[PDB]
């Protein structure tokens, strides 16, 4: 690094030895306010600091310029601190690890053979009609509940139905199957699969935060629950892959039907590798897309001028998107901007993480090779220097957006070759559900109070309010 950069020792340090009630806050609520605690530290120390704990020091950053510098020192296979409970399940049952868990050349081999079928513009053009079909079914089911309510309006908890929508849409894109989670009586097999997804994620978070001194005897029931949930998920995956094998051998269609069928036809990855990646993509919808979809509905309820501008756009584009759902990618610029605005205020992952593959420089400080660097998305999005009136929900800011490093202003899906593999499937699900709902319905909430987010592996709303829908 240049001789003019400040030494690592000069970086502002978060005091580890202050007298305050953090000790007691940890006893009572653990790390549930970590986003706010780190945000306060950036306010005090500036946009880079060393978080000292247990003899170690994580570098905390929050600027687009830092994300750009990290993308520069990404290797051909950026290192990931693999989710241990998920790895342990694969080790125990003799399943492969997929891109969520792999490192090194094996990660890259897998990733390059998935990108064209999941992340590419061509992949999106193929799956958009399937996501559109599920979005229509969800939107029609809600409109029907509204129009049959005695009170001319429907106040409901939308959290379960929006979650079910994301699983239904993703599972259709991946395996070409409808679980039926829009019906009032979905099959026991579909509900068992959904339950297993929920238990898998809940048990992941319980195991990651299991104290060392309690693992021997508190963890075995949780490990059992985790592995039994994964067994159910892998049974569903095997069932779908066997069905696809049968279709491709004896009844092969000319047209695209599913991401997994395309991977099996390509035959670049082994069947066991395709299953592992399909199960990780399956898991990728659990407790992710639901949150920005909910928070977009919440902010549209609070910002009726923005809601009406999005409704005008969706009504003007409605005919074009009905003819070719693929048009949703270019004909709803303000709604795409609204998704960026939701994720600016309400990231799902709290941070992006890299281990410095080489010495580098961030904010004119020398960063030694091997340093843990975390980009805190909550703080990046609330920087008033880059996002004037950062508390304001203003999708127009993205159509206006200026500044040198503007490519790195929107990074809630990460960056570079190890960015979120599911990002375009997540984006399409959010875009099309909101498009179809806004054409038919208006949303409100009783109070305009900010939602409290809690950090529990992901950032999630504490007490998401009932929403009220009415016909337009």
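Residue numbers count along the first chain shown, from 1.
Point to revise | Residue stretch of maximal mean CA temperature factor, 369-377 vs 188-196 | key: Between 369-377 and 188-196, it is 188-196.
Point to revise | Segment of higher mean CA temperature factor, 247-255 or 153-161 | key: The entry gives the higher C-alpha B-factor average to 153-161.
Point to revise | From 140, 266, 277, 120, residue of greatest CA B-factor | key: When the deposited C-alpha B-factors of 140, 266, 277, 120 are compared, 140 is largest.
Check your understanding: Per the entry, which of 50, 423, 410, 440 tops the list for Cα B factor?
Key -> Across 50, 423, 410, 440, the entry lists the biggest C-alpha B-factor for 440.
Exercise for review: Please place residue 401 in the lowest, middle or highest third of its chain by C-alpha B factor as given in the entry.
Suggested key: Answer is highest: the recorded C-alpha B-factor places it there.
Check your understanding: Lowest, middle or highest third: where is residue 445 by C-alpha B factor in its chain?
Key -> Tercile = highest for this residue's CA B-factor.
Practice item. Could you tell me which third, lowest, middle or highest, the C-alpha B-factor of residue 204 occupies within its chain? Key: According to the entry, residue 204 has a C-alpha B-factor in the chain's lowest third.
**Study point:** Chain thirds of CA B-factor: placement of residue 358
**Key:** Highest third.
Point to revise | B-factor third for the C-alpha atom of residue 29 within its chain | key: Its C-alpha B-factor, which the entry lists for residue 29, ranks in the highest third among residues of this chain.
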